[PDB]
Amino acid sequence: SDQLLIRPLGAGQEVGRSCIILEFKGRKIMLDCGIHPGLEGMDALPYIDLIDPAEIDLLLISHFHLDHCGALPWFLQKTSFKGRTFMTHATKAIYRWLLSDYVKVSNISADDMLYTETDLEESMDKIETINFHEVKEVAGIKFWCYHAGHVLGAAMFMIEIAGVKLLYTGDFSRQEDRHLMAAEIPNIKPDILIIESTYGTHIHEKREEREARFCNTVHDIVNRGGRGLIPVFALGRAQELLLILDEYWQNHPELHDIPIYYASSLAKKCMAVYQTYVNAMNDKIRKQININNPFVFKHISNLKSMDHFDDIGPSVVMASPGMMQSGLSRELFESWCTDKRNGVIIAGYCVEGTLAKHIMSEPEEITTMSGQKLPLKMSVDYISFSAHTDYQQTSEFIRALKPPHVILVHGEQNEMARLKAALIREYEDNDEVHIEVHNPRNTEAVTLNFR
């Protein structure tokens, strides 16, 4: 009876630096390779010191988000890793520009930096692309992927080694939004399921209500003579927000005086690359792209930097990064926090150790990048558009697949415990169904015996 080993080097009882080691029949597989946004230097990396890079046969990347691929240029260029790397086409294309904005936004010189834009550029040739619903075989390992929804190109990988099927969700959503599909429920049933836990103890409101709340907050800020800050990286959930705002400005002629800026040095390139992968979007937006392209915004202007910005009267700025560690969104927050008329809207999952996470604990004051202290008077709102499955969607996914083993990753420690308990209760009195739920810490291993 062969022994299957699953070990989180990252995202074990936390959100950040997703990296999961899978060991079975003389094969070593790594799932994702992200950084931790709430940490600095070598500490922001997964616990890579616990493995030998040269022994990794396969490296699979779920989606282009920094907490899943941010460490990838360091692992590909600055380690003994000689294995093969796979991404979907849209993920590889977006990976090149989000990481370029990331290195730009970053506040350190080449000495302290994990990698450069040249390392990122060079890492590209080392990455192979896979289509959805297509089998690839590497070192005896058979793999294919499903749609994850969540972000453009996001995949759920199914891995088969000697009759043993394992499904890794990456990050996923089971609802369609304006341009993305929902995640697929595989019909092939896995022995092991590795699933994200981000919003697993919560229940989503209607898309219509979240969109209305968001738009009403923005409108309320500009009405009172304020400027709206919406921190986001140029590629990710930002594309959904741009679609919502552009539609809202069309429906409200009394806002045609108020400008909307999508502020990023790479703004034009980001949108051009995004639009190249329309084939990976919803059926709705795929049919309408040649009728009226909604990605060709009527009310949103690009903005390269603070230098190209006339901060005269109310405006709405979408600026990188999302967690406001440094860069344009941090610069604008420092210029706008002291006026009570201004407002910040946080739309993503904020990780401990970031300004975005900090400002939600309602501080009296904040620290600038220069080191100074400023009073926090501007409003701070949290309206999530992070596109993660809620309890009903997680439960429904587990119930359709009924895998003997469920492994929780990518979630706050205490909420992951609560999710585990609820999944255990769901199958406690069921005699015909048997499911074992695990929630390992970083460096802890899940050991399973097969055959």
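Between two forms, the rigid core is defined as the largest C-alpha subset superposing within 1.5 Å. Position 1 is the first residue in the sequence shown; the rest follow in order.
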Which of these two stretches, 209-217 or 248-256, has the larger RMS Cα offset in 4 other deposited structures of this protein when the rigid core is kept aligned? 248-256
After fitting on the rigid core, which stretch moves more in 4 other deposited structures of this protein, 422-430 or 64-72, going by C-alpha RMS? 422-430
Hey, does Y95 show up as a hole in at least a third of the other compared models? no
At a threshold of one third of the other compared entries, does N282 come out as unmodelled? yes
Give the stretch, out of 159-167 and 313-321, with the larger mean C-alpha temperature factor in the deposited entry. 159-167
Higher avg CA temperature factor (370-378 vs 148-156, as deposited) belongs to 370-378
I'd like to know which of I195, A93, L229, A110 has the highest C-alpha temperature factor in the PDB entry. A110
Just the C-alpha B-factor column, please: which of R330, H89, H179, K104 has the biggest number? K104
Using the B-factors in the PDB entry, rank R27's C-alpha atom against the chain and give the third, lowest, middle or highest. highest
Test of reading the entry: by CA B factor among the chain's modelled residues, which third contains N342? middle
Is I359 in the lowest, middle or highest third of its chain when residues are ranked by C-alpha B-factor? highest
Tell me, lowest, middle or highest third: where does the Cα B factor of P253 rank within its chain? middle
Using the temperature factors of the C-alpha atoms in this entry, rank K287 within its chain: lowest, middle or highest third. highest
